[PDB]
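Next up: just one chain, as structure tokens, the form deposited in one PDB entry.
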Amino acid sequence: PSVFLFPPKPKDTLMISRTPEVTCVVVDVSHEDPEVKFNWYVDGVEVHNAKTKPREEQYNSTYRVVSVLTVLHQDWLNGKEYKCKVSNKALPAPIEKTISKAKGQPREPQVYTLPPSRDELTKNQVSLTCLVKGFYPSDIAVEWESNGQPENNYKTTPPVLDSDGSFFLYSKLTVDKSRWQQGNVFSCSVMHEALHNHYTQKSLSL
């Protein structure tokens, strides 16, 4: 009987319109003692609005049971701590797990767009680069757009720990050299808790 507690999707925590939730998973629940109760606490205060899912038997003759607690946008960003306690007759004592947003003084990213290198304008496609640096904590989302439509031919590196303790990354959008030279506007779009409204946008053009 082991317990895992998973945080919300990072994007769900950064957009007020979404519903972040924390997920408490119990595995290796017995057939002989399959009863399980969850208790949830927010900063140690018990709360009662979680949603537990019906048990599901696994192929290795164990049960798996899940409970989902919605968290408030502001509670998560303000560092509230979420505890999941799992009780079962087979355990000597209940199992407790706690989770919160990544801790530490927040730092606002600086977003910089970089045009193709001169040497790359030989090729048929060119790389449009978005540098995002100086942010803390590392939870971040990055996407690209042009003319009110997503540009999805991109890849983004994981966050990399920089020498001052902040994080940076780069996102690379690949476009036809014709579109670059035709003058279209491309935008690097960044979501991070420390931005105003957790959002900023930076453009790139010839």
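Counting begins at 1, following the sequence as shown.
Relative to its counterpart among 151-159 and 25-33, 25-33 has the higher mean temperature factor, C-alpha atoms as listed in the PDB entry. Comparing 129-137 with 88-96, the higher mean C-alpha B-factor in the PDB entry belongs to 88-96. Between the residues 189, 13, 184, 197, it is 184 that shows the highest Cα B-factor in the PDB record.
Taking only the listed residues 146, 52, 166, 171, the entry reports the highest CA temperature factor at 52.
Per the PDB record, residue ranking by Cα B-factor puts residue 66 in the highest third of the chain. Per the deposited record, the Cα B-factor of residue 122 falls in the highest third when ranked against the other modelled residues of its chain.
Just so you know, the form deposited in another entry exists too; it's not on screen, but the next bit is about it.
Under the rigid two-part model of the rearrangement between the shown form and the other one, residue 154 and residue 59 move as members of distinct parts.
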